[PDB]
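Only this structure's heavy atoms are used, side chains among them; waters, hydrogens and symmetry mates stay out. Nothing fancy with the numbering, it's 1 onward along the sequence. Just so you know, ligand 1 is whichever comes first in the structure, and atom 1 is the first atom listed for that ligand.
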Amino acid sequence: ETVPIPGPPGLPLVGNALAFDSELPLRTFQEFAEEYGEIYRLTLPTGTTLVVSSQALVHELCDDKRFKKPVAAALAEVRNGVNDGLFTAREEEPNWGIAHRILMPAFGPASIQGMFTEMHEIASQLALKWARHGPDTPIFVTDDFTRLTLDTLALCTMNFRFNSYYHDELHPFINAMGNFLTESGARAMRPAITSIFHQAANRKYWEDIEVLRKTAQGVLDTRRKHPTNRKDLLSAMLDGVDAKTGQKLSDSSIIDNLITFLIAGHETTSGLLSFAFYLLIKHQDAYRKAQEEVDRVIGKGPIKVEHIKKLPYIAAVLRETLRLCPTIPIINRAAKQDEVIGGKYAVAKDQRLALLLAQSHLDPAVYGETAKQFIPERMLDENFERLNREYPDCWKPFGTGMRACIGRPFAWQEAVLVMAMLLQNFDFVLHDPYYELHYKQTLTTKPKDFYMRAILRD
Ligand code: HEM
Ligand SMILES: CCCCCCCCCCCC(=O)O
């Protein structure tokens, strides 16, 4: 049966670890995928990784009966900061289930619509900031979208205001987070032989984790000092009991999950919006269609919750953005038993399989010779539903199975509302007409050094 898996030749002691660009490891992953195809091997410090780049293999690996999220590589290091909180717990750790069952109802459609008013407030703060600063002020796109997503997440779920639009600098949490995530990846790639030369990076890693724990302590202290009668993520964490186990979250776990949601609940949405606005600006055809949609559906009147599902082109723009720019570009699967995939590839129990979504999402077999182009038309409901029927798991930016994104509907309502609001009131242009998209990677991806200007409409 089984064919040998190719891969870049390793070196003694280091395997292929030192091939990874410190600042943009995703590039290394995708260049190897271009060179060796749908599957290749890496020898890294945490074990032999297999890197799957094709929709055929990604779909098989999305079978929850045969595979599971292991929490390996970078995610395993992220446990240093958030332990067995919802994102970094292993499936056999009872705290995954306790947290899952207690927190799931906060993201039900009823609750998400309930948060629309507060999402709309934070979006308005951003709109007014840009309106008031006028058309000559360069906007640091990722900075203002991080402010929006952090403030939206914290207000709607924890009833906490960072008030990021009142402060020149981002809250210390944001830098601590970026370095904690980057260094978590770096640690998992660091070969035994070299590790001793990283003591400065190590002191800093634990200091940045302390900032995360302190910030979450601050959110929890605010709720204790100013109790509220509303139901939200944090009231669920404090009061919620799991029917199945009869348990509530420990304070240790409340801090773990608060950090988890502060990160997962804003970082990737700031990426989505930052990439989406780069792509709309660069693709004037799509810019016009998205503007034309907002004008016909919403016009100059208020954006209400009903409008979120009445903006199909904006939905398509976000879907297409997440296809080319999945802001978590790799998810991990591991086989529950020794296994064979594409009926020719030997795969060991618990062996780390990297689903390189940044490549699976360009599979020519699914998306054709236009795969690398930005075409929102591609991901309109009719064609999107067709691609999912004919090529299941062709598009997985929100992960897979019982370990898929709990926050998807929050992110979606936020991204659609913000994009509608901004296109309604503003036109957008590159600050540098010669800007070429570069990536900043903190495990997650965003545009780097992307500035634009906002001109109010008439
Ligand atoms: C555009 C925005 C977002 C993207 C692309 C995204 C993507 C993902 C992905 C891929 C996973 C799976 C990780 C894995 O398989 O290892 C995931 C899980 C998760 N996401 Fe999101 N996400 C987004 C927004 C959010 C938001 C807004 C929240 C919370 C309010 C959130 C909370 C989570 C949590 C808690 C998990 C862990 C769930 C579990 O495994 O039990 N994310 N997300
Ligand atoms: C708490 C939220 C953190 C999000 C994790 C994103 C990880 C993707 C990068 C994987 C790279 C690797 O481990 O080789």
Side-chain angles (χ1 to χ4, degrees), residues 17 20 25-26 28-29 42 44-46 49 51 61-62 67-79 81-82 84-91 93 95-97 99-101 103-104 106-107 111-112 115 119 145 149-150 152-154 156-158 177-178 180-182 184-189 212 232-233 256-257 259-276 318-319 321-322 325-334 352 354-358 396-415 441-445:
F20 285 79
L26 181 60
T28 303
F29 276 112
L42 297 165
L44 309 170
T46 76
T49 305
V51 183
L61 287 192
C62 288
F67 309 97
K68 63 184 196 181
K69 185 178 169 157
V71 189
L75 267 199
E77 285 284 334
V78 170
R79 287 165 71 87
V82 301
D84 61 348
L86 190 47
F87 207 100
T88 50
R90 280 170 197 115
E91 136 182 326
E93 290 181 299
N95 276 349
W96 180 76
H100 174 69
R101 284 182 292 275
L103 296 177
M104 199 66 167
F107 296 99
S111 309
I112 297 294
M115 285 164 185
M119 294 191 172
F145 279 141
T149 59
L150 181 74
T152 298
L153 183 281
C156 294
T157 70
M158 298 159 201
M177 167 190 74
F180 160 66
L181 291 182
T182 305
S184 282
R187 285 164 80 91
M189 291 302 259
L212 303 179
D232 55 14
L233 197 63
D256 291 336
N257 279 296
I259 299 173
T260 300
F261 279 91
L262 285 168
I263 296 177
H266 100 270
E267 165 60 36
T268 51
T269 312
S270 166
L272 171 52
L273 288 167
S274 301
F275 277 122
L318 296 178
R319 283 179 187 158
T321 299
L322 284 181
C325 309
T327 46
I328 288 159
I330 294 167
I331 58 171
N332 303 318
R333 297 283 274 175
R352 188 218 166 171
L355 285 53
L356 189 55
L357 300 180
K396 296 296 280 182
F398 292 108
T400 200
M402 53 155 223
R403 292 308 301 260
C405 185
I406 195 174
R408 191 200 168 132
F410 187 98
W412 204 249
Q413 183 168 278
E414 183 178 9
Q441 186 167 28
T442 63
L443 267 33
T444 61
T445 58

Evaluate the side-chain proximity of [Y] to [X]: yes if any heavy-atom separation is below 4.5 Å, no if none is.
{"X": "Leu272", "Y": "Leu318", "value": "yes"}
{"X": "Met402", "Y": "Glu91", "value": "yes"}
{"X": "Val78", "Y": "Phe180", "value": "yes"}
{"X": "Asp232", "Y": "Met158", "value": "no"}
{"X": "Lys396", "Y": "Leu355", "value": "no"}
{"X": "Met119", "Y": "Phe410", "value": "yes"}
{"X": "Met189", "Y": "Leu44", "value": "yes"}

Non-hydrogen atom of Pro326 closer than 4.0 Å to ligand 1: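 No, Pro326 has no heavy atom closer than 4.0 Å to ligand 1.
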Check ligand 1 against [X] and write out every atom of the ligand that is under 4.0 Å from a heavy-atom position of the residue.
{"X": "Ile331", "value": "10 (C), 14 (C), 15 (O)"}
{"X": "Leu75", "value": "16 (O)"}
{"X": "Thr327", "value": "5 (C)"}
{"X": "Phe107", "value": "30 (C)"}
{"X": "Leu153", "value": "30 (C)"}

Is there any protein N/O under 3.5 Å from an N/O of ligand 2, and what does the full list of such pairs look like?
from, atom 1, to, atom 2, distance (Å)
ligand 2, 13 (O), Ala74, N, 3.3
ligand 2, 14 (O), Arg352, NH2, 3.3

Any sub-3.5 Å donor-acceptor pair from [X]'s side-chain atoms to [Y]'s backbone N or O?
{"X": "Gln413", "Y": "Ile112", "answer": "yes"}
{"X": "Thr88", "Y": "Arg79", "answer": "no"}
{"X": "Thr149", "Y": "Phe145", "answer": "yes"}

Top protein contact for atom 38 (C) of ligand 1, by heavy-atom distance: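 So the nearest neighbour among protein heavy atoms is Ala404 O, 3.8 Å.
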Atom 7 (C) of ligand 1 - nearest protein heavy atom and its distance: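 Answer, as residue, atom name and distance: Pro397 O, 3.2 Å.
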Partners meeting side-chain contact (heavy atoms from CB on, under 4.5 Å) with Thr445 (sequence neighbours left out):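 Listed in chain order: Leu26, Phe275, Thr327, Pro329, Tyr439, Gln441.
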Best match, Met104, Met402, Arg403: closest heavy atom to atom 12 (C) of ligand 1: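 The option holding the nearest heavy atom is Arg403.
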Nearest neighbour of atom 39 (C) of ligand 1 from the list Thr157, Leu86, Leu318, on a heavy-atom basis: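 Looking at heavy atoms only, the winner is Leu86.
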Nearest-0.5 Å distance that lies between atom OG1 in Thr268 and atom CD1 in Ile328: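 Between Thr268 OG1 and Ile328 CD1, I get 5.0 Å after rounding to 0.5 Å.
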Can you give the donor-acceptor pairs under 3.5 Å from side chains of residues 69-76 to other protein atoms, not counting sequence neighbours?
from, atom 1, to, atom 2, distance (Å)
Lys69, NZ, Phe87, O, 2.8

Distance-only N or O hit between ligand 1 and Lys69, under 3.5 Å: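 Among all N and O atoms of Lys69, at least one is under 3.5 Å from an N or O of ligand 1.
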N/O separation below 3.5 Å, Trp96 to ligand 1: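 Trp96 vs ligand 1: N/O contact under 3.5 Å present.
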Polar contact flag, side-chain donor to acceptor under 3.5 angstrom, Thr444-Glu267: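 On atom types as modelled, these side chains qualify, holding a pair under 3.5 Å.
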Plane angle bin for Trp412 and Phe398 - parallel if under 30°, tilted between 30 and 60°, otherwise perpendicular: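 The arrangement is perpendicular - the two ring planes meet at more than 60°.
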Atoms of protein origin (N, O or S) under 2.8 Å from atom 21 (Fe) of ligand 1: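 Checking every protein N, O and S atom gives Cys405 SG.
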